[PDB]
Every structure is written in structure tokens, then in C-alpha cells.
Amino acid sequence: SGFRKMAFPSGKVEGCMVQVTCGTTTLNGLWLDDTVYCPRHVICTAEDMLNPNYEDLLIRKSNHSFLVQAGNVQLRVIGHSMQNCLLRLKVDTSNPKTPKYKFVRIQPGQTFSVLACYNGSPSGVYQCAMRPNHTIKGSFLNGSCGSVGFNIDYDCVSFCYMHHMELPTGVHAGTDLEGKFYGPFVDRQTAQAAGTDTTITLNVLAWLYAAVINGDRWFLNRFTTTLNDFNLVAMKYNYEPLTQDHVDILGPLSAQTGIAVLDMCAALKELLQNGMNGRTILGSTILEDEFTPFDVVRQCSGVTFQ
């Protein structure tokens, strides 16, 4: 029993975290085989941050300008190249702790674990969701550039996020491991801001199913809804429209609990329209939207508490 925001065990990633230094700039890098990945912002001159030309900045560097520290060992850089907003640094030694890994581009609404890191030293691990506006609600201080987000399945690490910057609202933006930003952000100082965000409807529905699996049904009702009738209410409360694809994804949870998806949609519609009435669901008074249907099946029992 119970339901917690749960991260993947971080050991396989901790063994890949290194420190990368260019002159007076230090941040974190990811050491896989004989390559070290890090934000290209490491090469950025202090008193120019508005208009950096990274191609012109990087042509001026040699291999030995990069200091890469793995623990108390220095790694020798024997090659470098730019890939979108990251640098790939080839080093003289293959990381002996490299796990089986893959690079993946996560989709909005999906969740992943973040290993917050400073000066190449992991500091904490937490779970978060890629918001529809392509930011994450992380917890990061100065020095966290290059911290990594990931998921794990069967001893394989799927890296999906490298951290770059904090936006003015206090949320966070970064790239995949090919160096392509999530969302419309760029790695320079501009007036860029997070766009308007939405609530992840599919995840709220999954979390209501988790609540039933664990034994709570107080929020159900005797009604059903059409998909389009639900989406009219979703629009008014800044929820994402529900699609048939999302209904299909909820199939297994629907089967496990015996609650048809559109019946749960009617329950959510009443919750949006009437509020919580001073009640909680899995310990929360807010409708939680950072658990995916996958996360619920992973964490919840396969047997409903009927």
C-alpha cells in the first residue's frame, strides 16, 4: 500500500557523472564509454552572455583546454565536437562503469528521474514530469548545469534530459542527449519565458485509478460522459483535451478496477466542477498530474483493494 513520488535507483547514473571545466566555468558532464557529454555553455565567456557564437567560441579551443575530472582522476580530452547545444568530448579512457544505455527524447506528460549534481558530485534524486510547456518543475541551484534525467528498464538506462537553465518563473529548461532543447528555448540570455502551461489530464486520470486500486472510491459517481462533453469542461479548467489514444492507454487500469474510462472522466468532471469538499485523494488535496499510467502500474499492486 501507499503511493509516493518514486524515482529510479540512481547508482547506474552516479557512476557516469564527471566535472568539466573551461577556464573559470565548471559544470557537470556525463561519461559514457570514451565520450563526455556536457552543456556547450561551459565554453562561454563571462562578460558576453547575450550574443555568443558557439562555433566561433569553440574553434578557439584545443583539446587540452578542457579539464575533465572523474572522482580524483583527470581524464585526457583527445577530441571535441559540437552537437546542437551539447559538446561531445572524446577522452583517453572508457568509463568502466558505463551501463547499458540509450538516448531517448521524452514526450510532454512523461515522467523521469533527475540526478541533481554539483561539481560532478551527485547530491539528490527526485521524480518530475515534462510539462506540456516543455519545462520541468525541478529543484536546482547554481552549479547544476549538466545534471541528467533518465528512466531505467531492465538494467538499461534511457537518458532523456540534460539540464541547462532556470527561467524567470523558477522552472527549468534543458535538452535531450542529442543536444536539442525541449521547447522553444535557446542557450543564451534573452527575455524567453515559459509558455502557458496546462494540466496533464491523462495523468490525473491514472492517479484516480491508483487511488481506487489502493482502496478509495469516494469521488466516483453514477454518471458517464461523452469524450467531447468532457473536453468542453477540460477546456474551462485548463486541462489538456482527452483523446481516444489516451482512453486506450487507460485500458489496463480500467480493466483492473472495473471503472470505464468515460465513467472516470465523469468523476473527474464532478471533481473539477464541485471541488474537493475538504477531502483528500492518496494524501493530496490537489489533483496530481505527474504520475503516468505506466508509473501507476509500476508502483501499485496488481490486485485492487475492493
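Numbering starts at 1 and runs along the sequence shown. Between two forms, the rigid core is defined as the largest C-alpha subset superposing within 1.5 Å.
Greater C-alpha displacement in 9 other deposited structures of this protein (rigid core superposition, RMS over structures and residues), of 26-34 versus 40-48: 40-48. Here the rigid core sets the fit, and in 9 other deposited structures of this protein the C-alphas of 187-195 stray farther than those of the other stretch, out of 187-195 and 149-157. When the mean C-alpha temperature factors of 173-181 and 215-223 are read from the deposited coordinates, 215-223 comes out higher. Across the two stretches, 128-136 and 84-92, the PDB entry reports the greater mean Cα temperature factor for 84-92.
Out of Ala70, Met264, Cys38, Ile249, it is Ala70 whose C-alpha atom has the highest B-factor in the PDB entry. Of all the options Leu205, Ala191, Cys145, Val157, the entry's greatest CA B-factor is assigned to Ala191. Residue-level temperature factors show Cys16 in the lowest third of its chain, judged at the C-alpha atom.
In the deposited entry, the Cα temperature factor of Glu47 sits in the top third of values across the chain's modelled residues. Ranked against the other modelled residues of its chain, the C-alpha B-factor of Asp153 as given in the entry falls in the highest third. Among the modelled residues of the chain, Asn228 sits in the highest third by CA temperature factor in this PDB entry. Sorting the modelled residues of the chain by their CA temperature factor places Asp34 in the highest third.
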